[PDB]
Amino acid sequence: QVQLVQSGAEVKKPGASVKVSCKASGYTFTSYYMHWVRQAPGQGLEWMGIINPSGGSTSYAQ
Amino acid sequence: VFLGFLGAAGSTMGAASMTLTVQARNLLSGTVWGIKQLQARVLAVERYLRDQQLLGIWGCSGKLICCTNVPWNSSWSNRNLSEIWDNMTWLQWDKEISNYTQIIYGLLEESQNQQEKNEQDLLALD
Amino acid sequence: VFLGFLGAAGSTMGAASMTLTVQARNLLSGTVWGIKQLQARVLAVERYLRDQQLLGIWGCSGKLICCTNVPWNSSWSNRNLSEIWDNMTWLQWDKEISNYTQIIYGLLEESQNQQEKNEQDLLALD
Amino acid sequence: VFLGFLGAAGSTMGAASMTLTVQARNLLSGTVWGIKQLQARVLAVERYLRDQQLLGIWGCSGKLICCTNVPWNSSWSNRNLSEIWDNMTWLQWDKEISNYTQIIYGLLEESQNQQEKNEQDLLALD
Amino acid sequence: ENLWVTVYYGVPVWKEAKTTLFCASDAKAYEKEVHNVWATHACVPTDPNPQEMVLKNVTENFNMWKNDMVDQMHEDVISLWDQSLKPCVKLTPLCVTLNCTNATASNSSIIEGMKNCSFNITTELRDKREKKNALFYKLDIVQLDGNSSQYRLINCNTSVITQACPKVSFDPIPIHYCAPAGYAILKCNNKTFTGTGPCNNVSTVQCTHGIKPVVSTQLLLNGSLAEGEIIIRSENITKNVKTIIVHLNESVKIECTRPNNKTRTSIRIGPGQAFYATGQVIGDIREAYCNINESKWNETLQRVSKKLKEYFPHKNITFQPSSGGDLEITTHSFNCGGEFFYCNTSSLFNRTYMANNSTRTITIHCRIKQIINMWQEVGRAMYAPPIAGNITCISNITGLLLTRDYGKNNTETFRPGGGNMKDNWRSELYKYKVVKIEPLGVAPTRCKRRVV
Amino acid sequence: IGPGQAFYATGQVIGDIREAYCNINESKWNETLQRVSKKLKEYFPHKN
Amino acid sequence: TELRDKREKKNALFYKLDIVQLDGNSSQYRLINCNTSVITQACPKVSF
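Chains as they are written, first to last, in the numbering used here: chain A, 488 to 549; chain B, 16 to 141; chain C, 16 to 141; chain D, 16 to 141; chain E, 119 to 570; chain F, 30 to 77; chain G, 1296 to 1343.
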């Protein structure tokens, strides 16, 4: 019963900030790492970063 | 072939002895309620050892089938068994001789002790 | 000398059999978490008895080294062993013949049952 | 007759050996405090098996009385025992020879291993 | 020729297996009649004798990343910490609205939230209450989500906070492990062993040496030292790894202190219950700190870099300070004197290296905390009474827990990591494997059995 | 209630009201009981 | 709740078979078993 749930978002003006999130279950939250990735229509895939929910620290692509 | 227990069971003695190694071996295979799992396992072990020790006391520790020198008599059960040995079979037999097990075991102990004394005297005279 | 376990271990079979009595004897030497101490001790006892019973089933209950009448053959492992018996040694041997233990044990049971029948007929004819 | 334990006890060795089967058999007969009942039962079983295994190591697994080939000597206790065997008796004997049990057992192991090797060579030459 | 089956019992053969290991302890008892220590470690058979047997011609594989005993060390540590609070007073009656003005604070480190924090407590007869106050350290006090004059204990609206009994204060006790009959523990006598592959010097023991249940992040302290040079242990599948373990062959002494002097006070709760908190503080104010020798710190890191580049044999090495997270993962955490310290180590890892003793003391600044959400669990917070007077503490530094990150260029970037308590225990249990013995087996022989 | 404790209870009810109920097929209910009666009378082999 | 110091007026829906009139004014009610026994709730995780 592993599931991930995401909320939607609006269109922002340039210079603005956005907050997005993801809820997950079916596995202990603090027992694994989570990744965020990005892709735009017509483009390939990029990796953005990793967060360790156990603690914790982060690491990001430059 | 795993026959579990009591596979034969309905057979003649003939015939039934063919599986003595099956029942002999399947006998050793074994939150606070778990205390009972340990108690059950301890009981299985203690019961096994008591029977194994008794065969040793009678001189039959190494065998499933053992022949001794206590004579059979008519003060016990009364069957000629020329056919009945191979037609009765085991449950009925124990019921027929149920009043003598406490007697026969006593004879088996006496016979083995006498033989042990005889062996010691014969070796001493070597 | 207390050699504990697995003292030799790196030796040839020669040679390694010299300590069978060491490993045979060191094997019996054994707040709610204490329930595990009892469970571990029960497991050590049950495992010991299962192996001891099996040697009895095969007719070797009294010995660390026991010779029987099941012939060796080439459908099993394939080594002449004129040198290799004393150059291999035990871990490698079990790996080489790891696919036959479930076969050999079956032969040992059959051989012992046949011998027991032969003994009973010979005594009956006395 | 249930003599329990230590029935004789005050007797000569003669004489005392007559009840070896009594003490051998009465030895296997066995809210959170109940954990101790299981611990006590486990200890009784482990101690029994250790002694039974040792008799096996010395070649006496099937007997209450067993004769072997380690010679008696004077570096141990010093009694002629022509009368004293049947006049001492057991408690006093163990005290008199209390400093040698750790020595004698070592001799018993060596003797049995030599005999096992001799048997294997004789069978190999068959 | 004419071979027959013979059976042997007592063959020195073994297999890897999962089992239960038991603790063993030292000769000296705790002697406080404490169920989580005296009845848990002091009543355990003591002084097992590690009469190691070395085996000629034995080769065995030792995997220190994956084994069946690190997890047991983890469970034993958790069990003790849960049991230690079993008989101790809960602080539920204390989770009341606090009125802490800090009107009498004499320092910026105090006035943030510590002095005369008051409350209304009902005691001892249920019928009457009194106004009491005490000193609490600021990291454990939070503003009530209302008027700024009102305060709450940091964890009391979500979990239970309990205090500790003086008798259960727990310092390290080395725990030795022993195998049950039928099992044996093998050691790998290889001074250059990195945690994987075969060892050609195998020996067995009846017990391991003792390992202390010490918990820290970033730095490994009080442990054994490497026999040769610094050994860096890592995984060898992908380079995307979680932990790099650096084991030093020389210790670095670290001296820490809490220079002020505290008065202990006590607020009664009831019939055998009292709350411990800080009273008058003596007498001037100095921050907690730790001292490190400069030449040893720099030499040690240069040597670590020299070995670290073996795993990354290309461009240079850059170290960086903590990037974020809660305090246990960003500071150096330890419990000297019974109080918990959170030292700022960000000044210590700003060095760069490139291809081609008691002097100039390096000092760092430390903070302390009382309510600890321990590494072992959530929902059950532990409090801690203040220790009266000052605190002094000396320990030895034996290793580092490092992780990796992205650099701004083509060089490698490393920084301190931690929180995985298993990586502390895995740094000492790397030498042991447990196997089972299976003494029965068969072989051919020139022997037949007589029928007669 | 407190630090890890809460009481669960009903809030707003949607949206019209119907009673709880259960549905049984008629012919099966009647056939089954007729067959039970046929066997039940074996223990009571007399009147209806 | 949650700090011992303050209380609030709350309400909820309960089914009628579990609510009894207080043996006093008819406007006052009590939980059906709470004057004689302990009533506990169940954890979602132990629904069986």
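Quick reminder that beta carbons are idealized off the backbone N, C-alpha and C, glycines included.
query, result
"Per the contact definition of three or more C-beta pairs closer than 8 angstroms, is the region 182-202 of chain E in contact with the region 281-296 of chain E?", "yes"
"Residues of the region 272-296 of chain E in Cβ contact with chain F at a cutoff of 9 angstroms, in chain order, please.", "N273, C274, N275, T276, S277, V278, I279"
"Counting contacts by CB-CB distance shorter than 8 angstroms, is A139 of chain D in contact with chain E?", "yes"
"Assuming the contact rule is C-beta atoms closer than 8 angstroms, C408 of chain E and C461 of chain E should be a hit. Round their C-beta distance to whole Å, please.", "6 angstroms"
"Does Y148 of chain E come out as helix, strand or coil in the three-state DSSP assignment?", "coil"
"Closer than 8 angstroms between beta carbons: that is the criterion. Which residues of the region 79-102 of chain B meet it against chain C?", "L79, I80, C82"
"Hey, out of E:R564, E:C565, E:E546, whose CA is closest to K330 of chain E's CA?", "E:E546"
"Would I119 of chain B pass as an interface residue toward chain D - the criterion being a Cβ-Cβ separation below 8 angstroms?", "no"
"Rounded to a whole number of angstroms, what is the C-alpha to C-alpha distance between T529 of chain E and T470 of chain E?", "10 angstroms"
"If I'm right that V320 of chain E touches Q130 of chain C with Cβ under 8 angstroms, what's the distance once you round it to whole angstroms?", "Not quite, the Cβ-Cβ distance comes to about 42 angstroms (not below 8 angstroms), so this is no contact."
"Using only the alpha-carbon positions, how far apart do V37 of chain B and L18 of chain B sit?", "7 angstroms"
"Just curious, the beta strand (DSSP E) that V129 of chain E is in, first and last residue?", "No beta strand (DSSP E) holds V129 of chain E; DSSP gives it neither H nor E."
"Which residues of chain C have a Cβ atom closer than 8 angstroms to the Cβ of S76 of chain D, listed in chain order?", "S76, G77"
"List, in order along the chain, the chain C residues whose C-beta lies closer than 8 angstroms to that of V57 of chain B?", "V57"
"Just to confirm the assignment, what range does the beta strand (DSSP E) spanning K549 of chain E have?", "Unbroken run through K549 of chain E: none, as it is neither H nor E."
"Relative to the C-alpha of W415 of chain E, which candidate in E:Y394, E:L337, E:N378 has its C-alpha closest?", "E:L337"
"DSSP on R568 of chain E, reduced to helix/strand/coil?", "coil"
"On the three-state DSSP scale, how would you describe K500 of chain A?", "coil"
"Does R65 of chain B have its Cβ less than 8 angstroms from a Cβ in chain D?", "yes"
"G341 of chain E and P292 of chain E: beta carbons closer than 8 angstroms?", "no"
"Taking C-beta to C-beta, are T335 of chain E and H450 of chain E nearer than 8 angstroms?", "yes"
"Which same chain residues end up closer than 8 angstroms to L35 of chain B when comparing Cβ atoms and leaving out the 5 residues on each side of it in sequence?", "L79, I80"
"Alpha carbon to alpha carbon, what distance is there between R40 of chain B and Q68 of chain C?", "7 angstroms"
"May I ask you to report which of helix, strand or coil DSSP gives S352 of chain E?", "coil"
"If you draw a straight line from the alpha carbon of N273 of chain E to that of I259 of chain E, how long is it in whole angstroms?", "9 angstroms"
"Would you kindly check if the distance between the Cβ of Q549 of chain A and the Cβ of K526 of chain E is under 8 angstroms?", "yes"
"Rounded to whole angstroms, what is the Cα-Cα separation between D109 of chain D and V85 of chain D?", "19 angstroms"
"Would a C-beta distance cut-off of 8 angstroms place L53 of chain B and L53 of chain C closer than the cut-off?", "yes"
"According to the neighbour-count rule (16 or more other Cβ atoms, all chains shown, within 10 Å of its Cβ), is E125 of chain B buried or exposed?", "exposed"
"Just verifying my parser: in three-state terms, what is the DSSP assignment at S32 of chain C?", "helix"
"Going straight from the alpha carbon of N95 of chain B to that of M28 of chain B, what length do you get?", "15 angstroms"
"Express the C-alpha separation of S423 of chain E and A23 of chain C in angstroms, rounding to a whole number.", "43 angstroms"
"Could you name the residues of chain E that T545 of chain A contacts, counting a contact when the two beta carbons are closer than 9 angstroms?", "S441, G442, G443"
"I need the DSSP call for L42 of chain B, collapsed to helix, strand or coil.", "helix"
"Per the contact definition of three or more C-beta pairs closer than 8 angstroms, is the region 160-169 of chain E in contact with the region 133-146 of chain E?", "yes"
"Looking at the C-beta of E1297 of chain G, does it have a partner C-beta in chain F at a distance below 8 angstroms?", "yes"
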